[PDB]
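Colleague: Data file my_file03.pdb (PDB, C-alpha atoms and all ligand atoms) is appended below.
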ATOM      1  CA  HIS S 307      78.955 115.230 104.265  1.00  0.00           C
ATOM      2  CA  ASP S 308      77.681 112.155 106.183  1.00  0.00           C
ATOM      3  CA  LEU S 309      74.305 110.543 106.717  1.00  0.00           C
ATOM      4  CA  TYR S 310      73.655 107.939 109.408  1.00  0.00           C
ATOM      5  CA  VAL S 311      70.882 105.422 108.858  1.00  0.00           C
ATOM      6  CA  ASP S 312      69.625 103.054 111.607  1.00  0.00           C
ATOM      7  CA  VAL S 313      68.940  99.532 110.237  1.00  0.00           C
ATOM      8  CA  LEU S 314      67.555  96.258 111.601  1.00  0.00           C
ATOM      9  CA  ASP S 315      69.198  93.933 109.021  1.00  0.00           C
ATOM     10  CA  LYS S 316      72.700  95.211 108.011  1.00  0.00           C
ATOM     11  CA  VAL S 317      72.982  92.926 104.966  1.00  0.00           C
ATOM     12  CA  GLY S 318      69.485  93.341 103.460  1.00  0.00           C
ATOM     13  CA  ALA S 319      69.247  97.020 104.406  1.00  0.00           C
ATOM     14  CA  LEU S 320      72.558  97.667 102.661  1.00  0.00           C
ATOM     15  CA  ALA S 321      71.159  96.224  99.421  1.00  0.00           C
ATOM     16  CA  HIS S 322      67.891  98.188  99.730  1.00  0.00           C
ATOM     17  CA  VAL S 323      69.616 101.459 100.582  1.00  0.00           C
ATOM     18  CA  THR S 324      72.022 101.219  97.660  1.00  0.00           C
ATOM     19  CA  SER S 325      69.116 100.353  95.284  1.00  0.00           C
ATOM     20  CA  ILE S 326      67.371 103.563  96.466  1.00  0.00           C
ATOM     21  CA  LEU S 327      70.536 105.612  95.922  1.00  0.00           C
ATOM     22  CA  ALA S 328      70.829 104.085  92.436  1.00  0.00           C
ATOM     23  CA  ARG S 329      67.280 104.924  91.491  1.00  0.00           C
ATOM     24  CA  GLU S 330      67.786 108.543  92.550  1.00  0.00           C
ATOM     25  CA  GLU S 331      71.176 108.582  90.776  1.00  0.00           C
ATOM     26  CA  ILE S 332      73.029 109.668  93.901  1.00  0.00           C
ATOM     27  CA  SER S 333      76.804 109.214  93.891  1.00  0.00           C
ATOM     28  CA  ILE S 334      78.429 108.300  97.187  1.00  0.00           C
ATOM     29  CA  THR S 335      82.069 108.154  98.229  1.00  0.00           C
ATOM     30  CA  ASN S 336      81.916 105.619 101.085  1.00  0.00           C
ATOM     31  CA  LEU S 337      79.568 103.345 102.964  1.00  0.00           C
ATOM     32  CA  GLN S 338      80.609 102.147 106.462  1.00  0.00           C
ATOM     33  CA  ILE S 339      78.690  99.513 108.411  1.00  0.00           C
ATOM     34  CA  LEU S 340      78.779 100.200 112.148  1.00  0.00           C
ATOM     35  CA  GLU S 341      77.418  98.135 114.998  1.00  0.00           C
ATOM     36  CA  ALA S 342      77.390  98.299 118.805  1.00  0.00           C
ATOM     37  CA  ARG S 343      76.956  94.508 119.121  1.00  0.00           C
ATOM     38  CA  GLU S 344      77.479  91.446 116.952  1.00  0.00           C
ATOM     39  CA  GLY S 345      74.148  90.664 115.252  1.00  0.00           C
ATOM     40  CA  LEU S 346      72.003  91.996 112.413  1.00  0.00           C
ATOM     41  CA  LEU S 347      71.269  95.475 113.894  1.00  0.00           C
ATOM     42  CA  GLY S 348      73.504  98.388 112.897  1.00  0.00           C
ATOM     43  CA  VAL S 349      74.068 101.887 111.553  1.00  0.00           C
ATOM     44  CA  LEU S 350      74.978 102.666 107.946  1.00  0.00           C
ATOM     45  CA  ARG S 351      77.173 105.685 107.583  1.00  0.00           C
ATOM     46  CA  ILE S 352      77.049 107.093 104.058  1.00  0.00           C
ATOM     47  CA  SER S 353      79.509 109.706 102.823  1.00  0.00           C
ATOM     48  CA  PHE S 354      78.883 112.073  99.870  1.00  0.00           C
ATOM     49  CA  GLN S 355      80.978 114.487  97.803  1.00  0.00           C
ATOM     50  CA  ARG S 356      78.242 117.222  97.808  1.00  0.00           C
ATOM     51  CA  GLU S 357      75.555 118.537 100.231  1.00  0.00           C
ATOM     52  CA  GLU S 358      72.923 118.159  97.456  1.00  0.00           C
ATOM     53  CA  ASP S 359      73.604 114.403  97.290  1.00  0.00           C
ATOM     54  CA  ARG S 360      73.261 114.022 101.061  1.00  0.00           C
ATOM     55  CA  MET S 361      69.919 115.825 101.118  1.00  0.00           C
ATOM     56  CA  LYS S 362      68.607 113.851  98.159  1.00  0.00           C
ATOM     57  CA  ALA S 363      69.579 110.659  99.989  1.00  0.00           C
ATOM     58  CA  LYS S 364      67.978 111.880 103.196  1.00  0.00           C
ATOM     59  CA  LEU S 365      64.693 112.562 101.423  1.00  0.00           C
ATOM     60  CA  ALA S 366      64.633 109.293  99.487  1.00  0.00           C
ATOM     61  CA  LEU S 367      65.506 107.159 102.512  1.00  0.00           C
ATOM     62  CA  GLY S 368      63.015 109.027 104.680  1.00  0.00           C
ATOM     63  CA  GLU S 369      60.293 108.302 102.125  1.00  0.00           C
ATOM     64  CA  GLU S 370      61.133 104.568 102.495  1.00  0.00           C
ATOM     65  CA  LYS S 371      60.680 104.902 106.276  1.00  0.00           C
ATOM     66  CA  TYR S 372      64.361 104.653 107.276  1.00  0.00           C
ATOM     67  CA  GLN S 373      65.173 106.773 110.351  1.00  0.00           C
ATOM     68  CA  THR S 374      68.094 109.012 109.275  1.00  0.00           C
ATOM     69  CA  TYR S 375      70.380 111.632 110.862  1.00  0.00           C
TER      70      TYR S 375
ATOM     71  CA  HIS Y 307      90.716  91.915 104.262  1.00  0.00           C
ATOM     72  CA  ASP Y 308      90.000  93.963 101.061  1.00  0.00           C
ATOM     73  CA  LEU Y 309      88.542  93.119  97.662  1.00  0.00           C
ATOM     74  CA  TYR Y 310      88.725  95.465  94.660  1.00  0.00           C
ATOM     75  CA  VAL Y 311      86.052  95.194  91.992  1.00  0.00           C
ATOM     76  CA  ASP Y 312      86.220  96.980  88.603  1.00  0.00           C
ATOM     77  CA  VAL Y 313      82.870  98.500  87.541  1.00  0.00           C
ATOM     78  CA  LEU Y 314      81.507 100.346  84.486  1.00  0.00           C
ATOM     79  CA  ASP Y 315      78.588 102.128  86.255  1.00  0.00           C
ATOM     80  CA  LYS Y 316      79.557 103.118  89.863  1.00  0.00           C
ATOM     81  CA  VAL Y 317      75.950 103.833  90.931  1.00  0.00           C
ATOM     82  CA  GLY Y 318      74.188 100.801  89.365  1.00  0.00           C
ATOM     83  CA  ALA Y 319      77.108  98.430  90.003  1.00  0.00           C
ATOM     84  CA  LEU Y 320      77.093  99.420  93.676  1.00  0.00           C
ATOM     85  CA  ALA Y 321      73.458  98.286  93.910  1.00  0.00           C
ATOM     86  CA  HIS Y 322      74.199  95.060  91.990  1.00  0.00           C
ATOM     87  CA  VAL Y 323      77.237  94.206  94.107  1.00  0.00           C
ATOM     88  CA  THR Y 324      75.411  94.726  97.384  1.00  0.00           C
ATOM     89  CA  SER Y 325      72.437  92.643  96.087  1.00  0.00           C
ATOM     90  CA  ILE Y 326      74.880  89.779  95.378  1.00  0.00           C
ATOM     91  CA  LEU Y 327      76.368  90.117  98.868  1.00  0.00           C
ATOM     92  CA  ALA Y 328      72.818  89.978 100.264  1.00  0.00           C
ATOM     93  CA  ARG Y 329      71.976  86.858  98.272  1.00  0.00           C
ATOM     94  CA  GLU Y 330      75.041  85.122  99.696  1.00  0.00           C
ATOM     95  CA  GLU Y 331      74.415  86.589 103.174  1.00  0.00           C
ATOM     96  CA  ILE Y 332      77.893  88.114 103.310  1.00  0.00           C
ATOM     97  CA  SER Y 333      78.495  90.889 105.849  1.00  0.00           C
ATOM     98  CA  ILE Y 334      80.954  93.653 104.998  1.00  0.00           C
ATOM     99  CA  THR Y 335      82.490  96.422 107.096  1.00  0.00           C
ATOM    100  CA  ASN Y 336      83.106  99.196 104.505  1.00  0.00           C
ATOM    101  CA  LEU Y 337      82.605  99.988 100.843  1.00  0.00           C
ATOM    102  CA  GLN Y 338      84.691 102.760  99.185  1.00  0.00           C
ATOM    103  CA  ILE Y 339      83.983 104.029  95.684  1.00  0.00           C
ATOM    104  CA  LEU Y 340      87.136 105.006  93.794  1.00  0.00           C
ATOM    105  CA  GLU Y 341      87.336 106.665  90.383  1.00  0.00           C
ATOM    106  CA  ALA Y 342      90.105 107.766  88.012  1.00  0.00           C
ATOM    107  CA  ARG Y 343      87.906 110.383  86.338  1.00  0.00           C
ATOM    108  CA  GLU Y 344      84.573 112.075  86.995  1.00  0.00           C
ATOM    109  CA  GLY Y 345      82.141 109.837  85.078  1.00  0.00           C
ATOM    110  CA  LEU Y 346      80.585 106.410  85.539  1.00  0.00           C
ATOM    111  CA  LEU Y 347      83.663 104.069  85.537  1.00  0.00           C
ATOM    112  CA  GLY Y 348      85.347 103.139  88.829  1.00  0.00           C
ATOM    113  CA  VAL Y 349      86.644 100.585  91.354  1.00  0.00           C
ATOM    114  CA  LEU Y 350      84.723  99.399  94.431  1.00  0.00           C
ATOM    115  CA  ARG Y 351      86.916  98.577  97.377  1.00  0.00           C
ATOM    116  CA  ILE Y 352      85.131  96.264  99.832  1.00  0.00           C
ATOM    117  CA  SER Y 353      86.361  95.484 103.351  1.00  0.00           C
ATOM    118  CA  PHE Y 354      85.386  92.390 105.384  1.00  0.00           C
ATOM    119  CA  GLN Y 355      85.669  91.227 109.000  1.00  0.00           C
ATOM    120  CA  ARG Y 356      86.881  87.682 108.077  1.00  0.00           C
ATOM    121  CA  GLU Y 357      88.970  86.116 105.262  1.00  0.00           C
ATOM    122  CA  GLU Y 358      86.124  83.610 104.627  1.00  0.00           C
ATOM    123  CA  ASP Y 359      83.749  86.504 103.816  1.00  0.00           C
ATOM    124  CA  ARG Y 360      86.246  88.037 101.371  1.00  0.00           C
ATOM    125  CA  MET Y 361      86.670  84.765  99.508  1.00  0.00           C
ATOM    126  CA  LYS Y 362      82.921  84.118  99.424  1.00  0.00           C
ATOM    127  CA  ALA Y 363      82.440  87.606  97.980  1.00  0.00           C
ATOM    128  CA  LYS Y 364      85.240  87.121  95.473  1.00  0.00           C
ATOM    129  CA  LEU Y 365      83.650  83.869  94.266  1.00  0.00           C
ATOM    130  CA  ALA Y 366      80.119  85.245  94.026  1.00  0.00           C
ATOM    131  CA  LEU Y 367      81.210  88.393  92.179  1.00  0.00           C
ATOM    132  CA  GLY Y 368      83.457  86.370  89.872  1.00  0.00           C
ATOM    133  CA  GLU Y 369      80.506  84.140  88.991  1.00  0.00           C
ATOM    134  CA  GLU Y 370      78.597  87.319  87.961  1.00  0.00           C
ATOM    135  CA  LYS Y 371      81.523  88.184  85.646  1.00  0.00           C
ATOM    136  CA  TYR Y 372      83.034  91.046  87.676  1.00  0.00           C
ATOM    137  CA  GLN Y 373      86.846  91.280  87.437  1.00  0.00           C
ATOM    138  CA  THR Y 374      88.072  91.197  91.069  1.00  0.00           C
ATOM    139  CA  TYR Y 375      91.356  91.423  93.028  1.00  0.00           C
TER     140      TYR Y 375
HETATM  141 CA    CA S 401      69.206 108.787  84.311  1.00  0.00          CA
HETATM  142 CA    CA S 402      69.660  83.774  99.207  1.00  0.00          CA
END
Can I see the file as structure tokens?
Ligand SMILES: [Ca+2]
Ligand SMILES: [Ca+2]
Modeller:
Amino acid sequence: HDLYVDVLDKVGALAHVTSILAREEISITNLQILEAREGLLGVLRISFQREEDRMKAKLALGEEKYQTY
Amino acid sequence: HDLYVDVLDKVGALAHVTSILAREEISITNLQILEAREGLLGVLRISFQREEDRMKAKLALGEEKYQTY
């Protein structure tokens, strides 16, 4: 169960995204930071144990205006 | 280049750890959440691109009283 989140600032977005997951009490298994080029832009790939956790994350991140897949 | 951090609250500690990394402007490549039992205790395994980033992270987390390896 994976969710991919496009981000403009890998470092700051990582902190914001994990604070959102914490507030919603969503457990994750892994967080991978992907990039096509060196620089601050990237994709956060978040892995979950359960489908329910992925959907909860998708909703919460969507509400904070992150584009998610 | 990996750093292992013991935590008491996987969900909240993940947010705290990434906020510290943000404060120090440290980029990471991966974060894996490991647990021995279902429940809040665990170990965060953090991967870095460079040795300098690992050491910077180790120092900053140490200063916030996390036990690190
Ligand atoms: Ca609660
Ligand atoms: Ca700062």
Colleague: Excluding segment 324-333 of chain S and residues on its chain fewer than 5 positions from it, collect all residues at most 8 Å away from it, counting all atoms listed in the file, and give them as a PyMOL selection string.
Modeller: (chain S and resi 354-355+359+362-363+366-367) or (chain Y and resi 316-318+320-321+324)
Colleague: Between atom CA of residue 345 of chain Y and atom CA of residue 311 of chain Y, measure the distance and give it in Å to one decimal.
Modeller: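 Taking atom CA of residue 345 of chain Y and atom CA of residue 311 of chain Y, their separation equals 16.7 Å.
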Colleague: Go through S:352, S:374, S:339, S:307 one by one, measure the shortest atom-to-atom distance of each to chain Y using only C-alpha atoms, and give the residue with the smallest value.
Modeller: S:339
Colleague: Box for segment 358-374 of chain Y: with edges along x, y and z, all listed atoms inside and 8 Å added on each side, what are the centre and edge lengths in Å to one decimal, as JSON?
Modeller:
{"center_x": 83.3, "center_y": 87.4, "center_z": 95.1, "size_x": 25.5, "size_y": 23.7, "size_z": 35.0}
Colleague: Rounded to one decimal in Å, what is the spacing between atom CA of residue 373 of chain Y and atom CA of residue 346 of chain S?
Modeller: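 Between atom CA of residue 373 of chain Y and atom CA of residue 346 of chain S the gap works out to 29.1 Å.
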Colleague: Running the PyMOL selection byres (((chain Y and resi 340) around 8) and not hetatm) on this model by hand, what would come out? Give it as an MDAnalysis selection string.
Modeller: (chainID S and resid 335) or (chainID Y and resid 338:339 341:342 348:351)
Colleague: Please report the interatomic distance between atom CA of residue 334 of chain S and atom CA of residue 319 of chain Y in Å with one decimal.
Modeller: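 Interatomic distance here is 12.3 Å.
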